[PDB]
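Everything below concerns the one structure shown next.
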Amino acid sequence: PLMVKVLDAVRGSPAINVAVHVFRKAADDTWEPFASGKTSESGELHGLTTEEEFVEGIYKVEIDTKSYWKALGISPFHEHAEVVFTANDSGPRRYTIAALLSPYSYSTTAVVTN
Amino acid sequence: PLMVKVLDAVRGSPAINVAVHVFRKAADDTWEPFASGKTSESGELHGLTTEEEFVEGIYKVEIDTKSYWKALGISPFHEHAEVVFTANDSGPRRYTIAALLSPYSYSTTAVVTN
Amino acid sequence: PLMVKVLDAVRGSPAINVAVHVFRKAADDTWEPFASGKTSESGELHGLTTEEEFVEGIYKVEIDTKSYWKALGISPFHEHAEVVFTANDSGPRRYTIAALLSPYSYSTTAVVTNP
Amino acid sequence: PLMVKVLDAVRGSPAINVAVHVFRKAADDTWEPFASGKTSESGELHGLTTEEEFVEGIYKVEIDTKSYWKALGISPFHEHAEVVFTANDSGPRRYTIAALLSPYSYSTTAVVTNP
């Protein structure tokens with residue numbers, strides 16, 4: 001139900017081996033670890049969760065952009081990119097969180113389909 | 001060797017049934033039709049060309065964004081989105097031209113892989 | 001030293017009356033409230049801080065995009081856009097945090113200048 | 001009535017000395033040169049046209065992104081960014097064409113205001 005895709009706007013490539021952490025907002029308003037991984041050779045991270053586990057609520061996707069750029073020998077601006085959203089059962093069932101990275105800028109979009 | 005992908009930033013969806021025209025720059029500097037189609041249900045347009053036909057040169061991808069938005073009952077700013085680039089044999093072999101559409105804005109990126 | 005500018009990609013206009021909250025990471029690793037304000041009719045937010053107050057640190061600029069879109073009667077995807085960065089670690093700089101908003105997508109860019 | 005502003009997403013800075021060519025579609029469907037200029041040290045290009053001259057029509061703003069990146073010694077993907085739009089068809093408006101550049105990607109947004 002949840003896929004994360006990361007692209008590199010400098011090189012025109014997938015952003016490979018980027019660490020991604022997903023958190024779910026707990027009742028006390030803290031962020032609890034939910035799932036994590038590293039993007040693949042295609043810049044994608046599949047298998048984070050299942051339909052049963054991905055219940056409605058507020059989630060945060062943190063993308064470790066700073067490590068990515070530093071490994072390329074580039075100093076970037078942001079500490080990470082964060083994407084915070086509510087999962088809603090009314091809407092379509094599959095969420096792709098896409099991010100497009102540059103050293104001083106990033107874009108993110110949600111593609112939500114059935 | 002060439003794929004075009006179009007997303008809708010307003011609805012968080014693929015942009016479906018968007019007309020896309022590809023042109024190749026001729027020796028006289030005019031744009032000659034090269035390939036065309038409409039994006040699919042996944043917002044993608046596959047099968048535009050073959051490796052044999054997609055020789056080095058300058059290409060233009062014109063995306064009919066204005067018709068897309070008008071069919072959704074929205075008045076948009078741009079007449080179309082245009083992506084102009086050189087195909088280069090030195091670089092990786094597969095080109096994805098991605099576009100992210102809003103009524104008054106668009107983003108485009110090239111993902112070039114082997 | 002810190003300015004925030006927000007545009008609306010749907011309207012082709014400044015994004016007006018967007019709430020922005022800035023935090024700074026404290027010694028204990030918590031996010032301490034640092035400054036807040038709203039974008040004006042030009043989509044800009046000036047006056048958040050001073051050169052003296054804007055010391056080195058890790059800052060988070062929270063742009064309340066959901067509140068913006070809901071005040072316009074639109075159901076958007078994100079809760080907010082968060083921009084997190086180290087500032088002033090090589091001496092004072094001027095930071096513009098720009099954001100471009102759509103209901104299911106946003107962009108942010110930093111322009112950093114040395115006075 | 002027409003301003004162009006360009007940022008560099010790699011540097012986190014204005015994109016300086018970017019060449020911009022504006023065309024207007026003629027009666028015969030050709031692109032007629034309309035105005036041109038370069039972005040300043042602030043990444044802005046002012047003074048392209050006048051209220052009188054900027055009549056209704058279909059305009060193309062060509063931002064010479066390859067020339068910009070090649071002047072910096074970088075091999076980018078696109079030849080240029082083209083922004084094509086109908087202007088002034090409900091009376092005079094003020095247009096800002098903004099662009100954010102990276103070597104393999106760009107964004108453009110229009111801010112349209114009624115004076």
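Following the order of the structure tokens, first chain is A, next is B, and so on, with residues numbered from 1 inside each chain and ligands from 1 in the order they appear.
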For this session: Write down, as JSON, numbers by chain, each residue of chain D that has any atom within 12 Å of an atom of chain C, counting only C-alpha atoms.
Result: {"D": [6, 7, 8, 9, 10, 11, 12, 13, 14, 15, 41, 42, 43, 94, 95, 96, 97, 98, 99, 100, 101, 102, 106, 107, 108, 109, 110, 111, 112, 113, 114]}
Residues of chain A at most 8 Å from chain B: nearest atom pair and distance in Å, only C-alpha atoms, as a tab-separated table:
```
residue	atom	partner	partner_atom	distance
A:7	CA	B:111	CA	7.8
A:9	CA	B:109	CA	6.8
A:12	CA	B:111	CA	4.6
A:13	CA	B:111	CA	4.9
A:14	CA	B:111	CA	7.0
A:109	CA	B:9	CA	6.8
A:110	CA	B:12	CA	5.4
A:111	CA	B:12	CA	4.6
A:112	CA	B:12	CA	5.8
A:113	CA	B:13	CA	6.6
```
Chain B near chain D within 8 Å: what's each residue's closest atom pair and its distance in Å to one decimal, counting only C-alpha atoms, ordered by chain then ascending residue number, as a tab-separated table?
```
residue	atom	partner	partner_atom	distance
B:77	CA	D:85	CA	6.2
B:78	CA	D:85	CA	4.6
B:79	CA	D:85	CA	5.1
B:80	CA	D:84	CA	6.7
B:81	CA	D:83	CA	7.2
B:82	CA	D:82	CA	6.2
B:83	CA	D:81	CA	7.1
B:84	CA	D:79	CA	5.6
B:85	CA	D:78	CA	4.4
B:86	CA	D:78	CA	7.0
B:104	CA	D:110	CA	5.6
B:105	CA	D:109	CA	4.1
B:106	CA	D:108	CA	5.7
B:107	CA	D:107	CA	4.0
B:108	CA	D:105	CA	5.6
B:109	CA	D:105	CA	4.1
B:110	CA	D:104	CA	5.6
B:111	CA	D:104	CA	7.8
```
For this session: Measure the distance from CA of residue 20 (chain B) to CA of residue 70 (chain B) in Å and round it to one decimal.
Result: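 CA of residue 70 (chain B) lies 15.9 Å from CA of residue 20 (chain B).
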Exercise. Could you write out, as a PyMOL selection string, all the residues of chain D that DSSP marks as helix (DSSP H, G or I)?
Worked result: chain D and resi 65-71
Output N, CA, C and O atoms for every residue in that selection, as a short mmCIF file (atom, residue, chain, number, x, y, z; two decimals), in the first residue's frame.
```cif
data_model
loop_
_atom_site.label_atom_id
_atom_site.label_comp_id
_atom_site.auth_asym_id
_atom_site.auth_seq_id
_atom_site.Cartn_x
_atom_site.Cartn_y
_atom_site.Cartn_z
N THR D 65 18.82 27.56 -20.57
CA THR D 65 19.37 26.83 -19.46
C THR D 65 20.66 26.09 -19.87
O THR D 65 21.60 26.02 -19.07
N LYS D 66 20.72 25.57 -21.10
CA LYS D 66 21.95 24.86 -21.48
C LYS D 66 23.15 25.83 -21.50
O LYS D 66 24.21 25.48 -20.99
N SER D 67 22.95 27.01 -22.12
CA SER D 67 23.99 28.08 -22.21
C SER D 67 24.40 28.46 -20.81
O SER D 67 25.58 28.69 -20.56
N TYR D 68 23.42 28.54 -19.86
CA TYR D 68 23.74 28.87 -18.46
C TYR D 68 24.63 27.82 -17.83
O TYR D 68 25.72 28.15 -17.31
N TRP D 69 24.24 26.53 -17.91
CA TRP D 69 24.98 25.44 -17.29
C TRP D 69 26.36 25.27 -18.02
O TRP D 69 27.38 25.15 -17.36
N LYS D 70 26.39 25.42 -19.35
CA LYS D 70 27.69 25.28 -20.11
C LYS D 70 28.66 26.43 -19.77
O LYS D 70 29.86 26.20 -19.67
N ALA D 71 28.15 27.65 -19.51
CA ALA D 71 28.98 28.77 -19.07
C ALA D 71 29.57 28.49 -17.70
O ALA D 71 30.63 29.05 -17.35
#
```
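The smallest atom-to-atom distance between residue 46 (chain C) and any of C:72, C:63, C:3, C:18, using only C-alpha atoms, is found for C:3.
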Exercise. Could you pull out the strand (DSSP E) residues of chain B from DSSP and send them as a VMD selection string?
Worked result: chain B and resid 2 to 8 13 to 14 19 to 25 31 to 38 44 to 45 57 to 63 78 to 87 94 to 102 105 to 113
